[PDB]
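Undergrad: fold the following and give me the result.
(8 chains, ligands or ions: 6)
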Amino acid sequence: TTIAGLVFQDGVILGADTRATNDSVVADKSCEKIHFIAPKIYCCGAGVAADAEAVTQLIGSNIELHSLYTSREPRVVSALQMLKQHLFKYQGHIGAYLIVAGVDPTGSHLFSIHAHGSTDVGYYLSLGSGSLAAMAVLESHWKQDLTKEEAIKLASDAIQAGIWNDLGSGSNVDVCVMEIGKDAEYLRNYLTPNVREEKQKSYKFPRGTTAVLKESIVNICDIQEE
Amino acid sequence: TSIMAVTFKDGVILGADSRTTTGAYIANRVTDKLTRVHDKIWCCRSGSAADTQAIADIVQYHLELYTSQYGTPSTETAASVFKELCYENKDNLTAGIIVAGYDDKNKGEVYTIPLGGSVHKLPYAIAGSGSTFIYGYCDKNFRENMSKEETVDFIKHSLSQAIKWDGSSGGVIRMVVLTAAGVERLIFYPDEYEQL
Amino acid sequence: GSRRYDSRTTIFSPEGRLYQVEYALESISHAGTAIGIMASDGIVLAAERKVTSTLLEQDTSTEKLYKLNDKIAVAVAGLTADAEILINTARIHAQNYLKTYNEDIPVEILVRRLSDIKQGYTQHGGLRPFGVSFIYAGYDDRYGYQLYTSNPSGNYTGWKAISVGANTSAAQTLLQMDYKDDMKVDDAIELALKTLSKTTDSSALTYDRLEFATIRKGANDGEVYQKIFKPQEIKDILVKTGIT
Amino acid sequence: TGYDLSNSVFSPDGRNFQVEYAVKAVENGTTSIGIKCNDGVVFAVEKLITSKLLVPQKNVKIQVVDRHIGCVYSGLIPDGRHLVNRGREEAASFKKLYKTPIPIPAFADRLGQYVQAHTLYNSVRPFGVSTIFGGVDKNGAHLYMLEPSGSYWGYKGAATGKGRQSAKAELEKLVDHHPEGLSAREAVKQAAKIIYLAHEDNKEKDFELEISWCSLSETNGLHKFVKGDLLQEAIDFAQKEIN
Amino acid sequence: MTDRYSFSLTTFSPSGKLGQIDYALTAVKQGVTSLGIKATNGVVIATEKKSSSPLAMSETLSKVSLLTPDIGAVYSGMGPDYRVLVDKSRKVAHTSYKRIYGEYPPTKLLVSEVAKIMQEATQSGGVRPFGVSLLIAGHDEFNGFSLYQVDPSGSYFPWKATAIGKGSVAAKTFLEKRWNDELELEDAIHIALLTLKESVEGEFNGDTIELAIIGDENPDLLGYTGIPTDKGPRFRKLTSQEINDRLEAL
Amino acid sequence: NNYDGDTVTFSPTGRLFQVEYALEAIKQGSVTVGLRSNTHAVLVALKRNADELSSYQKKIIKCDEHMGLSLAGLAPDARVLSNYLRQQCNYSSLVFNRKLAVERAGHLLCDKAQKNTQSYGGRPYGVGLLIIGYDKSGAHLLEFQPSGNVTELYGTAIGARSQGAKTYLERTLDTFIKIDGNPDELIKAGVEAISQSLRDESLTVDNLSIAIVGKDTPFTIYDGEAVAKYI
Amino acid sequence: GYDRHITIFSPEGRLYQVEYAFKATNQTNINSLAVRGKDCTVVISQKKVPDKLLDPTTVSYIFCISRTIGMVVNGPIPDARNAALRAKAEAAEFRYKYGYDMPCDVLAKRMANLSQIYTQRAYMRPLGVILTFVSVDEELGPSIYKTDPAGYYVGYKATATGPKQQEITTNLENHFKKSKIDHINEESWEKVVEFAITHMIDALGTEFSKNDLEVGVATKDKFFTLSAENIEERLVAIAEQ
Amino acid sequence: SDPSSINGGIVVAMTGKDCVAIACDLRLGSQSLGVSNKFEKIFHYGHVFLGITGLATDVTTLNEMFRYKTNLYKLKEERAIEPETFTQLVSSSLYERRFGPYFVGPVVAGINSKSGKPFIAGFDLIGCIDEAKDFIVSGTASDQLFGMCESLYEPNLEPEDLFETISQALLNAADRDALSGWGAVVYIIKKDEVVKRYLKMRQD
Ligand SMILES: *[C@@H](CS(C)(=O)=O)[C@H](Cc1ccc(CN)cc1)NC(=O)CNC(=O)[C@H](CC(C)C)NC(=O)[C@H](Cc1ccccc1)N=[N+]=[N-]
Ligand SMILES: [Cl-]
Ligand SMILES: [Mg+2]
Ligand SMILES: [Mg+2]
Ligand SMILES: [Mg+2]
Ligand SMILES: [Mg+2]
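TA: Numbers count the residues shown, from 1 in each chain, chains lettered A, B, ... in the order given. Ligands and ions are numbered 1, 2, ... in the order given. Let me share the structure:
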């Protein structure tokens, strides 16, 4: 996995690749690692996939109820504090590594959360097996007061560095842009640099190639009736 | 990590590096290890980042609730709450915390809480992996009732050496000054302190 | 202390009756009549809704007839909210039995379980009993078609035809007069509707007032079908039997 | 009617009659007082000598909490002890966590909330004691008085029990005649006098005076009982004033 | 310091009445009029903002509440009881449904869960019933639009249109005359405002009336873009201005 | 009247009727006397029989080697409270290698009795106790009432007709307090005191129960022919 | 007639214990008032020290709940302190869990939900208090939110509580009918306090000394109570114009 | 020792044009010993199909669990559960055992009755959802199935072509795994008809 987050002039942006792996095999070629928490708060996940998914969903559910209760827009610090306190409780056994970013009445925010419950504040961050490839790019090119156009370029470049150079990371680039005073725009498959090339042959078989012992109709309906 | 708190004439100064490592990878090179549990009671964190954050967050909560009921807590009271958490959960924590604070009555006070959960009130304290390299230096150069400028230089030179020799320490030298005048944040960059 | 305010819901009267059970039965006597009639080839459940308003959305409404599983249904008389608590328990018990034995729960076993729950509220806990009487209509491969009733006491009994709710005295006399053992579902449908039509406190019996259901072993290829009648279908069967 | 039969029931007035009935038990008890002085507090109490068989100086009524707080009470004596036992647990857990000994206002609320909790349910009875307590903390001397309702305020002088009106009148004179303040040793003498004057309400049986004090100069801010020569000096001063 | 009320406070009287439920219904009768009308392409729920003081800011007191993005609720009776029911209803929609199935519950099932909560206050130890009747309007994919009433007993009924509280008898007669199965949402809003005017004494405007709809999906109110399947909340509370506009065409 | 249904209810004059009714059970109980000098402390108890076939109900219980009590009222409640005292005496010895002070024992009984008077469901204890003991500050005599009130005394009596014995001790105070290093004369004074509370019946050999504790005397109970000496 | 002793419905649909808790509210015979400025929220309350033996510095019905939130109570002090301690605990726990300071209106709602529970659950009695919360909220600005024994709560432009609340309420109503705004258009809190005191004097028809009042002021990022000398300065300014 | 490979077996699912296919082998073993050649791994709850590989006791348990849950769903909702909703239910139910998981590799397959859209999904043992457009694989020969599917598959196959592709993917994968085979079953699922076919394969 390669996930990153960086801040720009009046916003924060998250990036992520789309490859989920089981050991050395590619389980998923188009998985969304950018998780929804609130309309304007998003979370990138690395580590154990089910853990990263479940924890963001749970905090997202609790954030929604909290928002209803208080009649206020949820804050990124609330998501951060709830995530870290949950992750800390489980002592790293929930192996979720997250980059949380969003906009709220306080402003725009960017945090990282580790599975053991530690949190960081940063202007640019990266997590997962491709974090070093991504951080190399962010360290070379990040500056203050980036425009949105520069920020999307840098974020996607950081994710790409991971895609190419890290075996853990691959396939496509997802991005989410959270800008102050605007709707957050979620850009799944922002880049598609790894479309499979056309195959040499078609392996569509002649019908009747497979030997069959029995056939039957399955009754899937309720009550066959009189 | 390299951290220290030093009492002086007008109050106390906390000092820290900014490096957080996961093995040999620097996970964060601009970490803020000086953390606020009350207006003029701060702490320096070393050991498990998860654990020291979790503790500091609980202490901040306790002192906030103390303040609602009984007014401003002493620095001793803050150190006691840190100690209580560290000591009672010593089997599940890796936390080395220096607590520093300013009362008007007591002036500058420094308390160090190492791994065990013991408390030690000191004129100054050093801690973290990089502190080993500056026990000699700090013992020879520390004086009581220094000025603000002398204490800033003492911390700057000390942590400069700690950073130089410890790979686990590095980045910027952050400091927080606690006096009657208020709370002042200072930062010192590599180009400044490396040439000392 | 608190003792002062305790109604003591689980005590005997000097005569040896359970006050709250008796008063719950009095409550149930005012509820809309429900009739169950068991035939050789199926069971009928008919029931009268209580709250005639023109603005009640009848097609999505369910106050009387509930489904427990594919083989067993109930007709309710009393507090609907109380009944739904018990119904969800019964639905779970059926699925627990199915998970354990890999066979659908026998009708009597489900009925006993519910009746045992109701009983508990009359003997311990200090809570009010459930103000509900059920007619259970069901099928299994042991006894075939079965009708039961349970009441707030937790007593249950088996029936060929039975009524609960309002005017049960009048209703049970009329059923006892016209029921026969060789009867069929179509005849039982007619008997159920005729009985309600005479015992109703309303001026006339109409489709918007009724909930109606049949359990038939007259599904395709010897299976059992539960039919909860839609409003239009109740209106058709009222015209067919000649009541409207 | 029936509003007075159960604790925590509001009458149509807005009153909890059971608490007001607990006050009657307090009013029935012996006289106890508290005097705030310059750098501390003085507590004194009337102990009715029911019989010659009572051992003198043994049935001690005033109780210490932690090392710096004194508590005295009038009414049902066991209820007072139960409250002090709680106070000691509160003062211990405060010191355990926060290191510093419990401040007097902090301590006052700990008792206050606990007594108030016994007016919230019908399963408990209100406390049949008014408790006068106080001591010296980091912010100086404090004297409090705590009623069966959970109500408490800070006081210059406090009094409760059967001789409270008599005592209160005497305390009010001291407040008027000493605006700059009263010394610790003066307050001991005046406390003795006030208990002696307040004994006209319990005049049938003779009594035994008991005094305690916390003072920053005289006891190092610790609670101590007034004993021996200092006690006898206060009894002599009190005996002189009544005659 | 014990809860000793482990016995029912609601019990059957000799006549078969559950007194506390009847008395809760009497409290609902005293409460301010609220109503619900179901159209073909929507539902409307409405009530009077009976302001307890003119110094009070009646905007802060929401009588009409969002439970889920596609389900809304209004009440008549005791406001505090309603407020806590809305809190529990919102939560139960997550715990007993969204966290299991990854989608919001349909109207009838959320209603069933609220009904259950109210039923339990009618039988559990040491509690009185809730002193509210709720009108819950909602939409879901397989049931379409729906309107439900929920009483202190825990009983619930689906309605085409109804009213509860103060002037409900007169209001229900008014709705019977006006309702048909071919109403558009705007027609239902119009009828709602007419019906509600009869039970209101004083001022009748957008500031003294609360009105919400379950209608079309509002992608503008969603807050984000990039997921085609999430089209936005069907619940929408009408503004003070939006109400006043329709009161001119009244 | 209306305020005597349970212990949790104050009357309009600030009285706890259930506690006062428990106090009444003590007055119905058989007389027992307690008294002490500087060296020794003595319990004397008039035991009560059901009829001529029955045994005489035991009135005195040992709590430790240096402490014990006599009872008047509900004997099962005395058993509970004495057992509690035994445990507290034992806890002091095991944990602190320390004999429990008699004053502290009284404080413990007060607080145990108090909890029953403030909480619902419970009832007050229906028994009065006279605790004697010899500790690090010499001889002691306590009187426990189930209201909670414990009182350190030179001498006292509780039970039916106890006022006669109590008046005698009040007169004799100056004499019996001086009976130091003479256990037999102190017991005599206790036996003479309890005699003032007798009517019709007199002190026989299986009627009388005496106990003593002192300087070099463990708490020991005398019954039967052991007390014939003092009749 | 046990429907009047515990919190269950009377035949009329009433909770008599809630109604009698409202009557306990006025047992102190103290009137409170709260108003909003531009940058502030001011709360004033009558202070009556009838006994000369009382330490007047400890007689207060205004509480500092959090740094941002203040709370004035109308009702007996034991219930006031019960409510104060809980509100403090709730405000601190909120900050710990959710990472930002508890808003005034959210605390008011929380305390009101707690009050509701006492009206539904039999074993708990209602607290005989009306809680007026004040802050300068970081989202909503100057805020007044009031809770009662029924569990009802609502926001206010201004409010008054006590025996003579109707007189104070109508006085304030009439002022805001003139100005046609939801607040006191005044820059400094000092002048908003002067307004509050002046309009209480007019409404109640009584003059005040420095020891007859008790004042609380909410500004951005702190709530604080005025000393007797701070109030005296306020009273001098009122008299001088 | 490794629970997921004691009993063995495989499930593969594929999408086609207005259809889905789900297939499984029939082997149940105790490591090397073959025990049963009739152990089907594909179940159905209404029109939603669930294949489950892994530890056989959990395969059976989860089938009984999802039958239970979908039956109660149907009674309350008054409609059969859809593939997308069921997928979330499987995920929920697996993750609630996060720290004592069922050792399984479930595969959902079905057609949404309202939208008509073909749907397949796979999960790890703790409920992470892989919602593939093309195919899902599971079991002890998952590597082999990935290799077969990835080359053999092409989108928008007609039901009777899709049958040949999924069958050849299963069979040839199974023959390279010691713990899979011993017979196979292929379900071809269309919006309102489902055909079940048992395949002839080598019995070693
Ligand atoms: C990259 C993280 S990494 C290896 O640190 O670079 C991605 C992040 C990610 C992918 C997908 C989502 C979608 N919700 C979110 C985040 N993570 C992975 O590739 C990690 N992969 C997995 O966790 C597997 C996902 C399956 C869908 C293939 N799951 C497993 O391998 C589990 C792990 C596990 C099992 C038992 C106990 C603990 C952990 N089982 N196996 N084999
Ligand atoms: Cl709440
Ligand atoms: Mg270095
Ligand atoms: Mg109550
Ligand atoms: Mg093989
Ligand atoms: Mg083989």
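Undergrad: contact partners for the nearest residue to residue E:223 once chain neighbours are set aside?
TA: Distances taken as C-beta to C-beta, 6 or more residues apart in numbering or on different chains place residue A:39 nearest to residue E:223, at 2.7 Å, with adjacent residues excluded. Any C-beta I mention is one placed from the backbone N, CA and C, and that applies to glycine too. By C-beta atoms under 8 Å, 6 or more residues apart in numbering or on different chains, residue A:39 lies in contact with A:183-184, E:222-224.
Undergrad: measure residue A:39 to ligand 1 for me?
TA: 20 Å (C-beta to the nearest ligand atom, to the nearest Å).
Undergrad: scan the chain for its longest helix.
TA: Just going to use chain A. Counting by DSSP state H, the longest helix found in chain A is helix A:49-70.
Undergrad: should've been chain D
TA: Assignment by DSSP H gives helix D:77-98 as the longest helix of chain D.
Undergrad: what's the answer for chain F, then?
TA: helix F:75-96.
Undergrad: just chain E next, same as before
TA: Identified as the longest helix of chain E according to DSSP H is helix E:107-123.
Undergrad: related to what we said a few turns ago, is the next helix-or-strand element following the longest helix of chain A up against chain E anywhere?
TA: Later in the chain than helix A:49-70, the nearest helix or strand by DSSP states H and E is helix A:76-89. No - in terms of C-beta under 8 Å from any C-beta of the partner chain, no part of helix A:76-89 sits within range of chain E; the closest distance is 14.3 Å.
Undergrad: which parts of the longest helix of chain A are buried?
TA: Residues A:49-57, A:59-70 are the ones in helix A:49-70 that count as buried (16 or more other C-beta atoms under 10 Å in any protein chain shown).
Undergrad: what does stretch B:67-75 give?
TA: Across stretch B:67-75, burial judged by 16+ other C-beta under 10 Å covers B:67-70, B:73-75.
Undergrad: where do the helices of chain F begin and end?
TA: Using DSSP H, helices in chain F cover F:17-28, F:75-96, F:102-118, F:162-176, F:183-195.
Undergrad: name the nearest residue to residue 2, ignoring sequence neighbours.
TA: Picked chain A for this. Excluding its sequence neighbours, the residue lying closest to residue A:2 (C-beta to C-beta, 6+ apart) is residue A:162, at 2.6 Å.
Undergrad: correction: the question concerned chain E.
TA: Spatial nearest neighbour of residue E:2, excluding adjacent residues (C-beta to C-beta, 6+ apart): residue D:123 at 4.6 Å.
Undergrad: related to what we said a few turns ago, what's the angle between the longest helix of chain F and helix F:17-28?
TA: With axes from the mean of the first three to the mean of the last three C-alpha atoms, to 10 degrees defining the directions, helix F:75-96 sits at 100 degrees from helix F:17-28.
Undergrad: list the buried residues of helix F:75-96.
TA: Going by 16+ other C-beta under 10 Å, helix F:75-96 has these buried residues: F:75, F:77-78, F:81-82, F:85-86, F:88-89, F:92.
Undergrad: equivalent analysis for stretch C:35-43, please.
TA: For stretch C:35-43, burial by neighbour count (16+ other C-beta under 10 Å) applies to C:35-39, C:42-43.
Undergrad: near chain F, which residues of chain A are found?
TA: So chain A never meets chain F (C-beta under 8 Å from any C-beta).
Undergrad: what about stretch D:101-111 and chain F, any contact?
TA: No - Stretch D:101-111 lies out of reach of chain F by C-beta under 8 Å from any C-beta, never closer than 15.4 Å.
Undergrad: who's in contact with that stretch?
TA: By C-beta under 8 Å, 6+ apart, the list of residues contacting stretch D:101-111 from outside reads B:69-70, D:65-69, D:83, D:86-87, D:90-91, D:94-95, D:131, D:133-139, D:142, D:144, D:146, D:152, D:154, G:58, G:81, G:85.
Undergrad: just stretch C:116-130 next, same as before
TA: Residues outside stretch C:116-130 that contact it (C-beta under 8 Å, 6+ apart): C:6-10, C:18, C:20-21, C:24, C:78-79, C:82-83, C:85-86, C:89, C:132, C:150-154, E:6-8, E:10-12, E:18, E:123-125.
Undergrad: the residue in chain F positioned nearest to chain C and residue F:110: what is the separation?
TA: Closest to chain C within chain F is residue F:120: 3.9 Å, counting by C-beta to the nearest C-beta. Going from residue F:120 to residue F:110 by C-beta to C-beta, to the nearest Å gives 20 Å.
Undergrad: and for residue G:81?
TA: Residue G:81 is 29 Å from residue F:110, by C-beta to C-beta.
Undergrad: follow-up on the earlier one: surely the residue of chain F closest to chain C meets residue F:18?
TA: No - applying C-beta atoms under 8 Å, one finds residue F:120 not in contact with residue F:18, separated by 11.2 Å.
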